[PDB]
file structure.cif (mmCIF, N, CA and C atoms and all ligand atoms)
data_work
#
loop_
_atom_site.label_atom_id
_atom_site.label_comp_id
_atom_site.auth_asym_id
_atom_site.auth_seq_id
_atom_site.Cartn_x
_atom_site.Cartn_y
_atom_site.Cartn_z
N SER A 42 0.94 10.29 -9.65
CA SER A 42 1.33 8.97 -9.08
C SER A 42 1.33 7.91 -10.18
N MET A 43 1.67 6.68 -9.79
CA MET A 43 1.71 5.56 -10.71
C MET A 43 1.12 4.33 -10.03
N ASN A 44 0.58 3.42 -10.85
CA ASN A 44 0.21 2.11 -10.35
C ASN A 44 1.47 1.26 -10.36
N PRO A 45 1.59 0.29 -9.43
CA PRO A 45 2.64 -0.71 -9.54
C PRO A 45 2.28 -1.63 -10.69
N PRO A 46 3.23 -2.45 -11.21
CA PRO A 46 2.88 -3.56 -12.09
C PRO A 46 1.94 -4.46 -11.30
N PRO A 47 1.04 -5.22 -11.96
CA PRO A 47 0.18 -6.16 -11.24
C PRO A 47 1.01 -7.26 -10.58
N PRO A 48 0.46 -8.03 -9.61
CA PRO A 48 1.23 -9.12 -9.02
C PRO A 48 1.53 -10.17 -10.09
N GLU A 49 2.60 -10.96 -9.91
CA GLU A 49 2.94 -11.98 -10.88
C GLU A 49 1.85 -13.05 -10.88
N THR A 50 1.55 -13.63 -12.06
CA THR A 50 0.47 -14.59 -12.19
C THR A 50 0.90 -15.92 -12.82
N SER A 51 2.02 -15.97 -13.53
CA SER A 51 2.41 -17.23 -14.15
C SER A 51 3.92 -17.33 -14.14
N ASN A 52 4.42 -18.28 -13.32
CA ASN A 52 5.83 -18.57 -13.18
C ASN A 52 6.11 -19.97 -13.74
N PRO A 53 6.66 -20.06 -14.98
CA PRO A 53 6.98 -21.35 -15.61
C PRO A 53 8.15 -22.14 -15.03
N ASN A 54 8.88 -21.55 -14.08
CA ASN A 54 10.00 -22.23 -13.44
C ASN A 54 9.53 -22.95 -12.17
N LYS A 55 8.55 -22.37 -11.47
CA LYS A 55 7.91 -23.04 -10.34
C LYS A 55 7.42 -24.42 -10.77
N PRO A 56 7.42 -25.43 -9.87
CA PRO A 56 6.77 -26.71 -10.16
C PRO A 56 5.26 -26.48 -10.25
N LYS A 57 4.57 -27.37 -10.96
CA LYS A 57 3.13 -27.25 -11.12
C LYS A 57 2.46 -28.57 -10.75
N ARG A 58 1.29 -28.46 -10.11
CA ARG A 58 0.46 -29.62 -9.88
C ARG A 58 -1.01 -29.22 -9.98
N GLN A 59 -1.85 -30.23 -10.25
CA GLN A 59 -3.29 -30.08 -10.28
C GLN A 59 -3.85 -30.93 -9.15
N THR A 60 -4.61 -30.30 -8.24
CA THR A 60 -5.22 -31.02 -7.14
C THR A 60 -6.72 -30.72 -7.13
N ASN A 61 -7.48 -31.53 -6.39
CA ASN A 61 -8.92 -31.33 -6.26
C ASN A 61 -9.20 -30.02 -5.51
N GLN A 62 -8.34 -29.64 -4.56
CA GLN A 62 -8.51 -28.37 -3.86
C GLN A 62 -8.31 -27.19 -4.81
N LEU A 63 -7.25 -27.21 -5.63
CA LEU A 63 -6.97 -26.10 -6.53
C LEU A 63 -8.07 -25.97 -7.58
N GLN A 64 -8.60 -27.09 -8.05
CA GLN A 64 -9.67 -27.06 -9.04
C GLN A 64 -10.93 -26.48 -8.41
N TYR A 65 -11.21 -26.89 -7.16
CA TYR A 65 -12.35 -26.37 -6.43
C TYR A 65 -12.20 -24.86 -6.26
N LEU A 66 -10.99 -24.39 -5.92
CA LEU A 66 -10.76 -22.96 -5.71
C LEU A 66 -11.09 -22.14 -6.96
N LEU A 67 -10.79 -22.65 -8.16
CA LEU A 67 -11.03 -21.92 -9.41
C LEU A 67 -12.49 -22.03 -9.84
N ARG A 68 -12.98 -23.28 -9.92
CA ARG A 68 -14.26 -23.59 -10.55
C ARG A 68 -15.43 -23.39 -9.59
N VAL A 69 -15.17 -23.40 -8.28
CA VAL A 69 -16.28 -23.24 -7.35
C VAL A 69 -16.14 -21.93 -6.57
N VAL A 70 -15.02 -21.74 -5.86
CA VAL A 70 -14.88 -20.58 -5.00
C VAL A 70 -14.77 -19.30 -5.84
N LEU A 71 -13.74 -19.22 -6.67
CA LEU A 71 -13.48 -18.01 -7.43
C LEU A 71 -14.66 -17.70 -8.34
N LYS A 72 -15.10 -18.71 -9.09
CA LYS A 72 -16.17 -18.56 -10.07
C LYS A 72 -17.43 -18.01 -9.42
N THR A 73 -17.77 -18.47 -8.22
CA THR A 73 -18.99 -18.02 -7.57
C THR A 73 -18.80 -16.59 -7.07
N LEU A 74 -17.59 -16.26 -6.59
CA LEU A 74 -17.34 -14.91 -6.11
C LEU A 74 -17.35 -13.96 -7.31
N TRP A 75 -16.79 -14.44 -8.42
CA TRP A 75 -16.61 -13.66 -9.63
C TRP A 75 -17.95 -13.16 -10.18
N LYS A 76 -18.98 -14.01 -10.09
CA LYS A 76 -20.28 -13.76 -10.70
C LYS A 76 -21.24 -13.06 -9.74
N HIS A 77 -20.80 -12.76 -8.52
CA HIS A 77 -21.58 -11.98 -7.57
C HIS A 77 -21.78 -10.54 -8.06
N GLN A 78 -22.93 -9.96 -7.72
CA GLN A 78 -23.29 -8.60 -8.14
C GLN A 78 -22.25 -7.56 -7.71
N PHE A 79 -21.53 -7.82 -6.60
CA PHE A 79 -20.57 -6.86 -6.06
C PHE A 79 -19.13 -7.27 -6.34
N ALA A 80 -18.91 -8.19 -7.29
CA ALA A 80 -17.56 -8.65 -7.59
C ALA A 80 -16.74 -7.59 -8.31
N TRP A 81 -17.40 -6.69 -9.07
CA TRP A 81 -16.74 -5.97 -10.15
C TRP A 81 -15.57 -5.10 -9.64
N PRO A 82 -15.62 -4.47 -8.44
CA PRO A 82 -14.47 -3.69 -7.95
C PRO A 82 -13.27 -4.54 -7.52
N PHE A 83 -13.47 -5.86 -7.47
CA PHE A 83 -12.45 -6.79 -7.00
C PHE A 83 -11.90 -7.66 -8.13
N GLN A 84 -12.37 -7.44 -9.37
CA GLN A 84 -11.99 -8.28 -10.50
C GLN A 84 -10.67 -7.86 -11.17
N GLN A 85 -10.04 -6.77 -10.70
CA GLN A 85 -8.79 -6.30 -11.28
C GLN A 85 -8.08 -5.45 -10.24
N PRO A 86 -6.75 -5.20 -10.37
CA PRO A 86 -6.08 -4.30 -9.44
C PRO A 86 -6.76 -2.93 -9.39
N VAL A 87 -6.72 -2.32 -8.20
CA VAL A 87 -7.16 -0.94 -8.01
C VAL A 87 -6.32 -0.05 -8.93
N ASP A 88 -6.98 0.55 -9.93
CA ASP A 88 -6.35 1.56 -10.77
C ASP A 88 -6.42 2.89 -10.02
N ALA A 89 -5.35 3.17 -9.27
CA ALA A 89 -5.28 4.34 -8.41
C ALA A 89 -5.19 5.62 -9.25
N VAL A 90 -4.71 5.51 -10.49
CA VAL A 90 -4.60 6.68 -11.36
C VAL A 90 -5.98 7.05 -11.88
N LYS A 91 -6.69 6.10 -12.51
CA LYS A 91 -8.02 6.35 -13.04
C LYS A 91 -9.00 6.76 -11.95
N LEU A 92 -8.88 6.18 -10.74
CA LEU A 92 -9.81 6.46 -9.65
C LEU A 92 -9.38 7.71 -8.88
N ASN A 93 -8.16 8.20 -9.13
CA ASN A 93 -7.62 9.36 -8.45
C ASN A 93 -7.49 9.05 -6.96
N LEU A 94 -6.77 7.96 -6.64
CA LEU A 94 -6.50 7.55 -5.28
C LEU A 94 -5.00 7.56 -5.06
N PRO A 95 -4.34 8.75 -5.08
CA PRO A 95 -2.88 8.82 -5.05
C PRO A 95 -2.23 8.18 -3.82
N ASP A 96 -2.99 8.04 -2.73
CA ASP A 96 -2.46 7.43 -1.52
C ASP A 96 -2.66 5.91 -1.47
N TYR A 97 -3.39 5.33 -2.44
CA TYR A 97 -3.75 3.92 -2.36
C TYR A 97 -2.51 3.04 -2.17
N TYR A 98 -1.52 3.16 -3.07
CA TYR A 98 -0.33 2.32 -3.04
C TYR A 98 0.76 2.89 -2.13
N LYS A 99 0.46 3.97 -1.40
CA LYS A 99 1.29 4.40 -0.28
C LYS A 99 0.88 3.65 0.98
N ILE A 100 -0.40 3.26 1.05
CA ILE A 100 -0.98 2.60 2.21
C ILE A 100 -0.98 1.09 2.00
N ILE A 101 -1.26 0.65 0.77
CA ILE A 101 -1.43 -0.76 0.46
C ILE A 101 -0.17 -1.23 -0.27
N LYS A 102 0.69 -1.95 0.46
CA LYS A 102 1.95 -2.42 -0.08
C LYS A 102 1.89 -3.90 -0.47
N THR A 103 0.77 -4.58 -0.18
CA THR A 103 0.57 -5.94 -0.65
C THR A 103 -0.76 -6.01 -1.39
N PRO A 104 -0.87 -5.37 -2.57
CA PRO A 104 -2.13 -5.38 -3.30
C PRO A 104 -2.49 -6.77 -3.79
N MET A 105 -3.80 -7.02 -3.88
CA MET A 105 -4.29 -8.27 -4.41
C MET A 105 -5.74 -8.07 -4.86
N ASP A 106 -6.17 -8.91 -5.81
CA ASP A 106 -7.48 -8.78 -6.42
C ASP A 106 -7.84 -10.12 -7.05
N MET A 107 -9.12 -10.29 -7.40
CA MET A 107 -9.61 -11.57 -7.87
C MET A 107 -9.15 -11.85 -9.30
N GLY A 108 -8.88 -10.80 -10.08
CA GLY A 108 -8.35 -10.98 -11.43
C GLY A 108 -6.99 -11.70 -11.39
N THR A 109 -6.15 -11.26 -10.45
CA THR A 109 -4.84 -11.83 -10.21
C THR A 109 -4.99 -13.26 -9.70
N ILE A 110 -5.90 -13.48 -8.74
CA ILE A 110 -6.10 -14.81 -8.19
C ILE A 110 -6.54 -15.78 -9.28
N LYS A 111 -7.48 -15.35 -10.12
CA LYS A 111 -7.99 -16.15 -11.23
C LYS A 111 -6.84 -16.60 -12.13
N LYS A 112 -6.05 -15.63 -12.60
CA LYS A 112 -4.91 -15.91 -13.47
C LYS A 112 -3.91 -16.84 -12.80
N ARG A 113 -3.66 -16.63 -11.49
CA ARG A 113 -2.77 -17.49 -10.73
C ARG A 113 -3.27 -18.94 -10.76
N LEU A 114 -4.56 -19.17 -10.50
CA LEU A 114 -5.11 -20.52 -10.56
C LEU A 114 -4.99 -21.10 -11.97
N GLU A 115 -5.33 -20.31 -12.98
CA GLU A 115 -5.33 -20.80 -14.35
C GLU A 115 -3.91 -21.17 -14.82
N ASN A 116 -2.89 -20.55 -14.22
CA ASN A 116 -1.51 -20.74 -14.65
C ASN A 116 -0.71 -21.58 -13.65
N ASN A 117 -1.42 -22.26 -12.73
CA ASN A 117 -0.81 -23.17 -11.77
C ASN A 117 0.22 -22.44 -10.90
N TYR A 118 -0.04 -21.17 -10.57
CA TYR A 118 0.90 -20.41 -9.77
C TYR A 118 0.94 -20.92 -8.33
N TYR A 119 -0.19 -21.47 -7.85
CA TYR A 119 -0.32 -21.95 -6.49
C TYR A 119 -0.02 -23.45 -6.47
N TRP A 120 0.84 -23.86 -5.53
CA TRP A 120 1.13 -25.25 -5.24
C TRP A 120 0.18 -25.73 -4.13
N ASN A 121 0.07 -24.90 -3.07
CA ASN A 121 -0.75 -25.17 -1.90
C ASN A 121 -2.03 -24.33 -1.95
N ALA A 122 -3.16 -24.94 -1.58
CA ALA A 122 -4.42 -24.22 -1.51
C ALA A 122 -4.27 -22.98 -0.61
N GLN A 123 -3.48 -23.09 0.46
CA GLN A 123 -3.39 -22.00 1.43
C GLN A 123 -2.83 -20.72 0.82
N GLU A 124 -1.99 -20.83 -0.21
CA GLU A 124 -1.49 -19.65 -0.90
C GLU A 124 -2.64 -18.86 -1.52
N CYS A 125 -3.60 -19.58 -2.10
CA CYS A 125 -4.77 -18.97 -2.73
C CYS A 125 -5.65 -18.32 -1.67
N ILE A 126 -5.94 -19.08 -0.60
CA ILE A 126 -6.78 -18.58 0.47
C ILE A 126 -6.17 -17.31 1.07
N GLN A 127 -4.85 -17.32 1.28
CA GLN A 127 -4.11 -16.15 1.77
C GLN A 127 -4.36 -14.93 0.87
N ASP A 128 -4.32 -15.11 -0.46
CA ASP A 128 -4.53 -14.01 -1.39
C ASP A 128 -5.93 -13.42 -1.23
N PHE A 129 -6.94 -14.28 -1.08
CA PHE A 129 -8.29 -13.77 -0.85
C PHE A 129 -8.33 -12.92 0.42
N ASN A 130 -7.71 -13.44 1.49
CA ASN A 130 -7.71 -12.77 2.78
C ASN A 130 -7.01 -11.42 2.67
N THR A 131 -5.89 -11.38 1.93
CA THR A 131 -5.15 -10.16 1.69
C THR A 131 -6.03 -9.15 0.96
N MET A 132 -6.78 -9.63 -0.04
CA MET A 132 -7.67 -8.77 -0.80
C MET A 132 -8.69 -8.09 0.12
N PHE A 133 -9.35 -8.87 0.97
CA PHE A 133 -10.35 -8.32 1.88
C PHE A 133 -9.70 -7.37 2.88
N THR A 134 -8.56 -7.77 3.47
CA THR A 134 -7.91 -6.96 4.49
C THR A 134 -7.54 -5.60 3.91
N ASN A 135 -6.93 -5.59 2.71
CA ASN A 135 -6.61 -4.35 2.02
C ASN A 135 -7.83 -3.44 2.02
N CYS A 136 -8.99 -4.01 1.69
CA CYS A 136 -10.21 -3.23 1.56
C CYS A 136 -10.54 -2.56 2.90
N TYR A 137 -10.36 -3.30 4.00
CA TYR A 137 -10.69 -2.78 5.32
C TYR A 137 -9.61 -1.81 5.81
N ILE A 138 -8.37 -1.95 5.31
CA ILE A 138 -7.30 -1.03 5.67
C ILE A 138 -7.55 0.35 5.07
N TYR A 139 -7.86 0.38 3.77
CA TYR A 139 -7.93 1.61 3.00
C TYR A 139 -9.25 2.34 3.25
N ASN A 140 -10.35 1.59 3.41
CA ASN A 140 -11.68 2.17 3.34
C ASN A 140 -12.28 2.29 4.75
N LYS A 141 -13.38 3.05 4.84
CA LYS A 141 -14.01 3.39 6.11
C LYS A 141 -15.26 2.54 6.31
N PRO A 142 -15.60 2.15 7.57
CA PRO A 142 -16.86 1.46 7.83
C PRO A 142 -18.03 2.22 7.20
N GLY A 143 -18.95 1.48 6.57
CA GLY A 143 -20.12 2.10 5.96
C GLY A 143 -19.90 2.49 4.50
N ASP A 144 -18.63 2.51 4.02
CA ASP A 144 -18.35 2.75 2.61
C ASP A 144 -18.96 1.62 1.79
N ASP A 145 -19.44 1.97 0.60
CA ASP A 145 -20.01 1.01 -0.33
C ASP A 145 -19.07 -0.18 -0.52
N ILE A 146 -17.78 0.10 -0.73
CA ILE A 146 -16.83 -0.95 -1.07
C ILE A 146 -16.68 -1.92 0.10
N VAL A 147 -16.81 -1.41 1.33
CA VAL A 147 -16.65 -2.23 2.52
C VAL A 147 -17.83 -3.21 2.60
N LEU A 148 -19.05 -2.71 2.37
CA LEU A 148 -20.23 -3.56 2.36
C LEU A 148 -20.13 -4.63 1.28
N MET A 149 -19.57 -4.27 0.12
CA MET A 149 -19.39 -5.21 -0.97
C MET A 149 -18.36 -6.27 -0.56
N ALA A 150 -17.26 -5.86 0.10
CA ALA A 150 -16.26 -6.82 0.54
C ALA A 150 -16.86 -7.79 1.55
N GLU A 151 -17.69 -7.28 2.47
CA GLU A 151 -18.33 -8.12 3.47
C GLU A 151 -19.19 -9.19 2.80
N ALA A 152 -19.94 -8.80 1.77
CA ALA A 152 -20.78 -9.74 1.03
C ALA A 152 -19.92 -10.86 0.45
N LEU A 153 -18.83 -10.48 -0.23
CA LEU A 153 -17.98 -11.43 -0.92
C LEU A 153 -17.28 -12.33 0.09
N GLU A 154 -16.88 -11.74 1.22
CA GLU A 154 -16.13 -12.47 2.22
C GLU A 154 -17.04 -13.50 2.90
N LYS A 155 -18.31 -13.15 3.13
CA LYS A 155 -19.27 -14.11 3.67
C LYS A 155 -19.43 -15.29 2.71
N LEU A 156 -19.56 -14.99 1.42
CA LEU A 156 -19.80 -16.01 0.42
C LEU A 156 -18.56 -16.89 0.29
N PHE A 157 -17.39 -16.26 0.40
CA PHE A 157 -16.11 -16.96 0.38
C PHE A 157 -16.09 -18.04 1.47
N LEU A 158 -16.40 -17.65 2.71
CA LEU A 158 -16.35 -18.57 3.84
C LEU A 158 -17.35 -19.71 3.66
N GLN A 159 -18.54 -19.40 3.14
CA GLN A 159 -19.52 -20.40 2.75
C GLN A 159 -18.90 -21.42 1.80
N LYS A 160 -18.13 -20.97 0.81
CA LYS A 160 -17.64 -21.90 -0.20
C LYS A 160 -16.39 -22.66 0.25
N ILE A 161 -15.46 -22.02 0.97
CA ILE A 161 -14.25 -22.69 1.43
C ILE A 161 -14.64 -23.78 2.43
N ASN A 162 -15.78 -23.58 3.10
CA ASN A 162 -16.32 -24.53 4.06
C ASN A 162 -16.37 -25.95 3.49
N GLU A 163 -16.68 -26.07 2.20
CA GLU A 163 -16.88 -27.37 1.58
C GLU A 163 -15.66 -27.75 0.73
N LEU A 164 -14.51 -27.10 0.98
CA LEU A 164 -13.30 -27.41 0.24
C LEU A 164 -12.95 -28.88 0.41
N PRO A 165 -12.66 -29.64 -0.68
CA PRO A 165 -12.23 -31.04 -0.54
C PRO A 165 -10.99 -31.20 0.33
N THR A 166 -10.79 -32.42 0.85
CA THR A 166 -9.71 -32.67 1.79
C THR A 166 -8.36 -32.67 1.07
N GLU A 167 -7.29 -32.40 1.85
CA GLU A 167 -5.93 -32.35 1.33
C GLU A 167 -5.42 -33.77 1.11
N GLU A 168 -4.70 -33.96 0.00
CA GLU A 168 -4.08 -35.24 -0.33
C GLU A 168 -2.85 -35.45 0.56
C1 LIG B 201 -10.67 2.21 -2.98
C2 LIG B 201 -11.11 1.04 -3.83
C3 LIG B 201 -11.69 1.22 -5.03
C4 LIG B 201 -12.13 0.12 -5.84
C5 LIG B 201 -12.75 0.23 -7.13
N1 LIG B 201 -12.49 -0.54 -8.17
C6 LIG B 201 -13.30 -0.07 -9.12
CL1 LIG B 201 -13.33 -0.80 -10.69
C7 LIG B 201 -14.08 0.98 -8.72
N2 LIG B 201 -13.74 1.17 -7.42
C8 LIG B 201 -14.31 2.20 -6.55
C9 LIG B 201 -15.81 2.13 -6.37
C10 LIG B 201 -16.35 0.70 -6.41
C11 LIG B 201 -17.83 0.66 -6.08
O1 LIG B 201 -18.11 1.26 -4.82
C12 LIG B 201 -17.72 2.62 -4.82
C13 LIG B 201 -16.24 2.78 -5.04
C14 LIG B 201 -11.92 -1.12 -5.34
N3 LIG B 201 -11.36 -1.34 -4.12
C15 LIG B 201 -11.17 -2.71 -3.63
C16 LIG B 201 -10.92 -0.28 -3.30
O2 LIG B 201 -10.42 -0.51 -2.21
#
call {"tool": "encode", "arguments": {"input": "structure.cif", "output": "C-alpha cells", "more": "lines below"}}
Ligand SMILES: Cc1cc(-c2nc(Cl)cn2CC2CCOCC2)cn(C)c1=O
result
Amino acid sequence: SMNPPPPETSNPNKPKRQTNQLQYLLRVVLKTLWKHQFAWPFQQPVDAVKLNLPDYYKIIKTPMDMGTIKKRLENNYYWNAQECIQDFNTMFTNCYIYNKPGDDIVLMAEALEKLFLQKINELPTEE
C-alpha cells in the first residue's frame, strides 16, 4: 500500500488574516494538546506503511492530524476559527472510526478531546 500525500498546509494564494481566535488556537489550544503525554500518535499523519495498517486509508478518506493543524495555523491556512476546530473534530472522529473501544489510541484520543473542549471553552470572541 501507500500513504497519501499529507493534507495541504500553506496556500499563498488564499487571503490571510491574523485574529485573536487564530492566535489562541495555535498558542493555547494546539500548544497545550501538543505537549500532552498522549499527543505523540496525533502529531503527524498516520504512517500506514510503517505501522502496517494497509486498510487505514481505505477506511479513512479525510485524514487529519495535529502536525497538519499546527502547520496550517503557522501558515495562515485558516481564515475562520471554525475551519481549525473542524480539523480537530475530524482528527478525533477518524480515531473512533478506525479503532475499537478500549484500544490504547481511543483512550488517548478521549484524553486529548476532553482537554480540547476545556481549552476551546475560553476561546476569545469573534470580531
Ligand atoms: C491506528 C492509529 C495509529 C496511530 C499511531 N501513530 C503512531 Cl506514531 C503510532 N500509532 C499507533 C500506536 C499509538 C499508541 O497506542 C498504540 C497504537 C495513530 N492513530 C491516530 C491511529 O488511528
call {"tool": "residues_near_ligand", "arguments": {"input": "structure.cif", "ligand": "ligand LIG 201 (chain B)", "cutoff": "6.5 Å", "atoms": "all atoms listed in the file", "output": "list in words"}}
result
residues 81, 82, 83, 86, 87, 88, 135, 136, 139, 140, 145 and 146 of chain A
call {"tool": "closest_residue", "arguments": {"input": "structure.cif", "among": "A:102, A:141, A:47, A:66", "to": "residue 125 of chain A", "atoms": "only N, CA and C atoms"}}
result
A:66
call {"tool": "closest_residue", "arguments": {"input": "structure.cif", "among": "A:133, A:96, A:43, A:55", "to": "residue 118 of chain A", "atoms": "all atoms listed in the file"}}
result
A:55
call {"tool": "select_by_dssp", "arguments": {"input": "structure.cif", "residues": "segment 100-144 of chain A", "states": "alpha helix (DSSP H)", "output": "count of residues only"}}
result
28
call {"tool": "residues_around", "arguments": {"input": "structure.cif", "residues": "residue 110 of chain A", "least_positions_apart": "6", "cutoff": "9 Å", "atoms": "only C-alpha atoms", "output": "list in words"}}
result
residues 50, 67, 71, 125, 128 and 129 of chain A
